[PDB]
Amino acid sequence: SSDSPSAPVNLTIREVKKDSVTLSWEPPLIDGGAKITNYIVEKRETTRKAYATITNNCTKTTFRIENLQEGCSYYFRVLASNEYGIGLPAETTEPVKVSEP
């Protein structure tokens, strides 16, 4: 059916620093019609409407988002992609505040 992938599994915030966040995830349970080729990582400030893509070419299952706004709260999304399209996102349930510990 040439389906796209399902959502990445168990998206985890691995690290939260002053203005960066490291995410990790497990591959989707459904690759669809073809193998996973790349992951798309996105951010959204709690005060913005639209998600901003950080990278569309993440090939590992972990990624560090940098140059965030210290003191700002964010949602993050990771989407899985195969040759046939982009799947549904895995998203952080709570917003993450980046700040110096």
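Sequential numbering from 1, following the sequence displayed.
The PDB entry assigns residue 44 a C-alpha temperature factor belonging to the lowest third of its chain's modelled residues. In this PDB entry, residue 29 carries a Cα temperature factor that places it within the highest third of its chain's modelled residues. Ranked within its chain, residue 61 lands in the middle third, by CA B factor from the PDB record. Among the modelled residues of its chain, residue 92 has a C-alpha B-factor that falls in the highest third, as given in the PDB entry. When all modelled residues of the chain are sorted by CA temperature factor, residue 12 is found within the highest third.
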